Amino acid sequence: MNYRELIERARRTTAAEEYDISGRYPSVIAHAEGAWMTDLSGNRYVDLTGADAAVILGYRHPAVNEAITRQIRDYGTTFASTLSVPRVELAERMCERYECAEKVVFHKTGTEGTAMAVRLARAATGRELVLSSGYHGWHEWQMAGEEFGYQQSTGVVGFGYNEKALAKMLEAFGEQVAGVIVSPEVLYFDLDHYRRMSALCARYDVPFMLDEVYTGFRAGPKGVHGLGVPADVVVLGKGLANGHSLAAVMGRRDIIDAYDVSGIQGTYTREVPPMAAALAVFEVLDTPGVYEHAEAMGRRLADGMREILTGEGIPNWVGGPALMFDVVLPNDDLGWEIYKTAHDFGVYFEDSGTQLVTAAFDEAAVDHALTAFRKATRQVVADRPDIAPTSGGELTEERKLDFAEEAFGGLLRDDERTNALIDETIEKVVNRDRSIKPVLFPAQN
């Protein structure tokens, strides 16, 4: 069938029009290997989305696929017992690999992993409130926590990556805080920002939890945590089993050991093949030179993309880690037009602006993507000269601050509005009706 035939069938039976069809490039992938994907009509594309970050090593990685198919064929997938040899071997590998990991438990998705981390922190501490920055998943309490402010029905206070807010909240009501959970943003902030958050949480005996579902294999081979940010819990997900569904919650023994009293559970958390896959992923990441070559390819792409935009006179900022770099533009229309056009030249850029190379990339794959980006940017500007400034200027500080707030809820200004919002939120928490709490297990109430 071709694209048009498949989407007509999909519209009738399964597809969400925007999420599945009109918000995405007009192709459907049939197979993929290494850096390259092939659509239903045989057209080939370099992938820069990492399969929405699920893939770190490349498509159909041979050692990962050998390990997963061996488990499926020779032993089985999901057994009557919850422990298995691969689960224990993987847990041992992770506890040896990561400083925070004294025990580790597994789930299917990052959304459920961060929910489990919050559930365990509440059960281990007996406290009600959670302070949050960043995206943690699609449940309502997670999405609301991306916005600055307090939701009494969920027990979550969003703090917008704001250090002044975090310190003021912990001083005001830190005895009520079960945990601080943060998806580290490392374009606008350096590692010291997160070291200060962590040390500040420790001063108040509040667990600090890094949501590394996205950054865990892309800020570095051991994530932001492994770059030297102490934490009591780290959640991993994207990349862990190189596209197979697996998430992990690793951390302090007493937090993980709250599993029994928490009531957490789940039929498929014992599923064995993804655990075999993750063991193979760690073996690749720990092979001398492999991660460094991936970062070299990321730098080659980032440097070339920055050069292309600057040569067109387009204000831009290209930054962040090599395996998860952002391309920040003067407005939210230019990027989408370029990336849509680059699909015509054989590339799937990440249209949210964070480009994701994988370990299978070579210089030829990077340079194919750069050719498409140069040609697409040229065509877009030729056809729509007013789509963005072309005067050679820099991104304004106003655009950078506005982008941070719109993209990830970061409140980076020290102005009247931000200061008033901090005070309003702290007052709302401190003087609330304490008889009204979220539904919690165990109950606190």
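Numbers for residues come from their place in the sequence shown, where the first is 1.
Note on 95-103 vs 265-273: mean CA B-factor is higher in 265-273. Comparing the deposited coordinates for 256-264 and 182-190, the stretch with the larger average C-alpha B-factor is 256-264. When the C-alpha B-factors of 61, 378, 44, 417 are read from the PDB record, the largest value belongs to 417.
Among all modelled residues in its chain, residue 79 ranks in the middle third by Cα B-factor. Among the modelled residues of its chain, residue 56 has a C-alpha B-factor that falls in the lowest third, as given in the PDB entry. Residue 295 sits in the lowest third of its chain by CA B factor, as recorded in the PDB entry. Sort the chain's modelled residues by C-alpha temperature factor and residue 67 lands in the lowest third, per the entry. Placement of the Cα temperature factor of residue 385 within the chain: highest third of the modelled residues, per the deposited record.
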